[PDB]
There are 2 protein chains.
Amino acid sequence: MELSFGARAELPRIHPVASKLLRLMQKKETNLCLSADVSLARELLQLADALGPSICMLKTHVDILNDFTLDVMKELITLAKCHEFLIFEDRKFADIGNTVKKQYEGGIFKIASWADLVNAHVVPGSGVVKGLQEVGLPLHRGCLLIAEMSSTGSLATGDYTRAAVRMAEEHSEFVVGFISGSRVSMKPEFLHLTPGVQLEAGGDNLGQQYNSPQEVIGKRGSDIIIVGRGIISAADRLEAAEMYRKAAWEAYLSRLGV
Amino acid sequence: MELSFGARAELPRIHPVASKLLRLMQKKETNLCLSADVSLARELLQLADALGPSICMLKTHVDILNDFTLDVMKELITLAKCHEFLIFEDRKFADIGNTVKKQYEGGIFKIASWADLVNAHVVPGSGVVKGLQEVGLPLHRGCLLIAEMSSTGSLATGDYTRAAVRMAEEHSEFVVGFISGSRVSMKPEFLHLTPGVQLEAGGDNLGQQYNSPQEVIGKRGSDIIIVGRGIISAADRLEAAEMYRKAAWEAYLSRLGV
Ligand code: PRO
Ligand code: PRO
Ligand code: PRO
Ligand code: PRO
Ligand code: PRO
Ligand code: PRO
């Protein structure tokens, strides 16, 4: 009784950020999140503009931008609104609740002011979510919990993954889904986003491991692929994005069936 | 066969950053790390200057500083050299290795350029350490692994804690110790630093839990207390720091014995 992305966007318990995302995924036929792993604002913005029509989401690491300013993020928002994608800051909050609220709202990045989505590790216990929520709920934001990781030796397995799912369930006013390698929740209101994705097999020399879009969307039941170097290191990043979009979208259609 | 801090500073396998720290702890009779949880550079620097003689270490969250610049960190280094304490950026790196190297070296914070110590979560697997090391080893830096957390519902327990200890052992050219609630390694070359510390019992409303200096240094076998609000929220932060220093130092002396 699997529902399409467009039908999931209407579920009773859906979070508004998840609903907006699912609707634009269905409209644009994309379940691709670009991992915009660059150090220059101009490259970030040029990628966002050119690849915007192909993506449901643009994932940032603003702490790697050599020339970050809040104005850069204003320009990114303009492109996100134009092309219809969400902005996900991959900050991996992982501190006690009292600290993460300040890291989310404040400092020089003011993440909550521009990021539709952030993510958090569950290792501190649920205070990490409660602290983020204090800022994010009033700002109508969402959060993803890291239930599994793609890297070699990941400890986000077994009972740890189960704890992440329970923590998400219990904080569904703010938590909209997971970073995971597969479907980890049976509740269709939750989004599953999967990094560690390339068309070709392999990994990197610092523990990254790859699986294909067909494997992670089609066989492992995830919703969205997060793709960095598979796109960013290609010469033509637009064509690369289209190849990843088509791969992830078809895998979704095939799983959904008749 | 427990050794004093000064003798531990001479151990064959000691890391140079750990040795420098242990020597100044012994010289100054302090095993207190100030958690300088403030949002203003002027308050950070005024605390560092006044409390510098009382502390072995100043722990930052630079991503909470509303007015961060690299010049602020230059001024902090001047105070660290004058008063003899190390600078620990509590960044809690927790990404794949290829990402954390960039977050450590680059962006607007350039953490590796000014932080003697950083810390990392072990959940991604050992690639997190390998990525940080790429930057930190050439810069003669050290790292602490988060083996336990003080917050309610922490998942850093059992086999997770054991994995952190093994990861530290296997990366001893860069990893100098742990964030933990207790002694987790029997190897005296590793430092144990413990947050969640106040003189009075209790916690906060976002999952923080407190234990006293006597409990964590004396009964749980840790080396250094990390103290935030117990000092920062007091009216006289210098006297508060002295109370925490005396508590932690005596607990250490009593454990060390004859
Ligand atoms: O692992 C494999 O064999 C296939 C080849 C392309 C990606 N997956
Ligand atoms: O494994 C490798 O090294 C290459 C790059 C990623 C996909 N295959
Ligand atoms: O046809 C239908 O109604 C469902 C949803 C799209 C594919 N199968
Ligand atoms: O928990 C207790 O009872 C004591 C009181 C001060 C701190 N520890
Ligand atoms: O538990 C409380 O709320 C106070 C503040 C920390 C120590 N006792
Ligand atoms: O007296 C000694 O030699 C040891 C080290 C200081 C305390 N006991």
Side-chain angles (χ1 to χ4, degrees), chain B residues 2-11 14-38 43-60 73-90 114-119 140-142 144 176-179 183 188-195 197-199 212-218 220-228 230-232 234 236-258:
Chain B
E2 176 146 34
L3 293 171
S4 69
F5 294 140
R8 288 169 66 192
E10 299 190 353
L11 284 161
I14 202 68
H15 190 280
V17 175
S19 181
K20 181 175 184 174
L21 177 62
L22 286 158
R23 287 190 332 259
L24 67 84
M25 290 162 67
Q26 189 74 63
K27 175 182 180 181
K28 296 171 65 176
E29 306 190 334
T30 180
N31 56 333
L32 170 63
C33 176
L34 175 65
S35 184
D37 279 355
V38 299
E43 195 174 6
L44 171 63
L45 296 172
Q46 288 179 170
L47 285 166
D49 193 19
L51 278 57
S54 300
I55 66 184
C56 68
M57 190 181 297
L58 189 147
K59 185 181 76 62
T60 57
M73 313 315 292
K74 174 187 179 286
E75 294 293 347
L76 184 61
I77 289 166
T78 297
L79 293 170
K81 290 181 179 173
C82 174
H83 297 304
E84 299 192 80
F85 59 81
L86 298 192
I87 300 166
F88 167 22
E89 165 56 40
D90 186 7
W114 52 264
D116 301 290
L117 293 169
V118 293
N119 59 349
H140 289 62
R141 303 310 197 180
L144 300 165
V176 305
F178 305 96
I179 304 302
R183 184 174 304 203
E189 297 78 17
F190 291 92
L191 306 154
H192 294 96
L193 288 71
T194 300
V197 175
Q198 284 209 24
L199 296 181
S212 69
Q214 182 177 268
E215 173 67 26
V216 310
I217 302 299
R220 297 179 180 196
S222 192
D223 299 316
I224 289 163
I225 58 169
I226 295 168
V227 180
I231 292 166
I232 302 293
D236 179 353
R237 276 83 79 94
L238 178 55
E239 180 59 21
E242 281 290 296
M243 294 170 71
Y244 281 96
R245 179 188 67 79
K246 289 170 188 177
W249 188 257
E250 174 57 24
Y252 153 74
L253 291 178
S254 291
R255 178 187 94 205
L256 185 62
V258 173

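Protein chains get the first letters and strands the later ones, always in sequence-line order, with residue 1 at the start of each.
- When all heavy atoms of B:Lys59 and B:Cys33 are compared, the pair lying nearest together is CB-SG, 3.7 Å.
- With rounding to the nearest 0.5 Å, the separation of CD1 in B:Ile55 from CE in B:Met25 is 12.5 Å.
- Closest non-hydrogen pair, B:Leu3 versus B:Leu11, comes out as CD1-CD2, 3.9 Å.
- Taking each heavy atom of B:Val176 and B:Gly142 in turn, the nearest pair found is CG1-CA, 4.2 Å.
- Taking 4.5 Å as the limit, some side-chain heavy atom of B:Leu34 sits within range of a side-chain heavy atom of B:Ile232.
- Test B:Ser35, B:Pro195, B:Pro213 against B:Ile225 for side-chain contact (heavy atoms from CB on, under 4.5 Å) and you get one pass: B:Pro213.
- Inter-residue side-chain proximity for B:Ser4 and B:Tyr252 is flagged as met; some heavy-atom pair is nearer than 4.5 Å.
- At distances below 3.5 Å, at least one donor-acceptor pair connects side-chain atoms of B:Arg8 with backbone N or O atoms of B:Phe190.
- Distance check: B:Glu239 CD to B:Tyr244 OH gives 12.0 Å after rounding to the nearest 0.5 Å.
- Closest heavy-atom contact between B:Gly221 and B:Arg183: O-NE, 3.2 Å.
- Rounding to the nearest 0.5 Å places CD of B:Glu75 at 10.5 Å from CG of B:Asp49.
- Put simply, the side chain of B:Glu189 does not reach to within 4.5 Å of the side chain of B:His15, judged on heavy atoms.
- When side chains are defined from C-beta on, B:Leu22 counts as touching B:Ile14, because their heavy atoms get closer than 4.5 Å.
- Counting heavy atoms from C-beta outward, B:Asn119 and B:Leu193 have side chains that stay 4.5 Å or more apart.
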Let's go through B:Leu58 and B:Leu47 carefully: what are the C-alpha distance in whole Å and the side-chain angles of both, what is the deciding distance for side-chain contact (heavy atoms from CB on, under 4.5 Å) to 0.1 Å, and is it a yes or a no? CA-CA 10 Å; B:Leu58 189 147; B:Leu47 285 166; 5.7 Å; no
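- Taking 4.5 Å as the limit, some side-chain heavy atom of B:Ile179 sits within range of a side-chain heavy atom of B:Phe88.
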Does B:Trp114 form a side-chain contact (heavy atoms from CB on, under 4.5 Å) with B:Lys74? I'd like the steps, not just the answer. CA-CA 8 Å; B:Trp114 52 264; B:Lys74 174 187 179 286; over 6 Å; no
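- Evaluation of the salt bridge (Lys or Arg N to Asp or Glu O under 4.0 Å) test over residues 243-258 of chain B, restricted to residues two or more places apart or in two chains, returns B:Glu2-B:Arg255, B:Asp223-B:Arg255, B:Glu242-B:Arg245.
- Counting only heavy atoms from C-beta outward, the side chains of B:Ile226 and B:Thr194 never approach each other to under 4.5 Å.
- A 4.5 Å side-chain heavy-atom check between B:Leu21 and B:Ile224 finds at least one atom pair inside the cut-off.
- The only option from B:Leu24, B:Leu117, B:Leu191 that meets the side-chain contact (heavy atoms from CB on, under 4.5 Å) definition with B:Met57 turns out to be B:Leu117.
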Walk me through it: do B:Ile231 and B:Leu32 pass the test side-chain contact (heavy atoms from CB on, under 4.5 Å)? CA-CA 11 Å; B:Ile231 292 166; B:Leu32 170 63; 4.1 Å; yes
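- Salt-bridge annotation for B:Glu89 and B:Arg141: absent, with no side-chain N of the basic residue lying under 4.0 Å from a carboxylate O of the acidic one.
- Nearest approach of B:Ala50 to B:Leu238, heavy atoms of both residues: O-CD1, 3.6 Å.
- Taking each heavy atom of B:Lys28 and B:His83 in turn, the nearest pair found is NZ-O, 2.8 Å.
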